[PDB]
């Protein structure tokens, strides 16, 4: 027969185990619960609703004197498995979730040992509220957090702690998220830079409350920006070059304003797509959003300047006066600065004089139109030489500032500890 049945019966039914009572010999004592996290897969991070979905394993560990047995008396049984509904478990819950999933997804068996040690490792899928810092999108890094608290007991009855490992006979706390190389999958968009674990005690709260303590696991994950650079930033940059390129179009063809407005519309479409991809928070304007606003403002300036050039090109000496100052500053000084490229017989004689006068007036009109055309061309050249470097410098500066948004070397300010798995705190 199986001795496990006899042992389980003796532990639960014969000893009258109560799963609603804390496992202490006196009521004034405390129960130490060791908590640990094992991230197996970072499923997603939806910025639109500020949700971090993660597949984790929750490692609980506590002593229970009611589950102790003499191993040699029960035919050398060194371990047991019991369902959670038969034994007392600490109800550690995720406080900062977005849905009603406070507990773990699956209630797997607990493992008990003859010394009373109980280890419970259920899997879970948690959707915590991660506030999205969209300031340096898409080169951003997010400081997400998972907050676990024991709301079923106060700090005088249950004390949460971090699980302790042993190396070389010395105990050190596990102050990080455990990543098992044989059960972890890279997300492909988020890279785990830091993963600290902290035990927080709030001194302004009382020990007899359920808000006095909590254990928090942080995920400082940076976004790999290759996808967004290839698919969003590159077409935005390429299309925006056509805006400054619209100045090179001659005013004769009616495709100047068409090109500039089309560039503006493409930038607006990209802006709307970016707004669809990002949350509606008002903490800060995104980096790509600021870039798009800057580009749209500059393209609007280009459209206004193209309208001015078109107005100057189609001016007529019968409707406007070519002033001396405008002439001397738009075809003498500025083009040189910018290095631009450079009786029947009596009736017949009276008729000939009249037609010669008409041809003279037509030629003077043509010369005035040519002067206005040169004025338009030099305004186009000046606007190109004053707008194209502004576009290039703005794009380069914005993308360099975004690219230099490295997450900090230490996870907490003022704390010299790096919270790395390769450097134990007290070992």
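Residue numbers count along the first chain shown, from 1. What we label the rigid core is the largest C-alpha set whose atoms superpose within 1.5 Å from one form to the other.
Stretch comparison, 276 to 284 versus 181 to 189: after rigid core superposition, larger RMS CA deviation in 8 other deposited structures of this protein is found for 181 to 189.
Structural divergence in 8 other deposited structures of this protein between 141 to 149 and 226 to 234: following superposition by the core, 226 to 234 has C-alpha atoms lying farther from the shown form. Missing-residue comparison: residue 315 falls in the unmodelled set for none of the other PDB entries checked, so it is not missing from a third of them.
Residue 290 is built in all of the other entries compared, counting only those with both neighbours built, so it is not a gap in a third.
The modelled chain breaks after residue 342 and resumes at residue 343, leaving 10 or more residues of the deposited sequence without coordinates.
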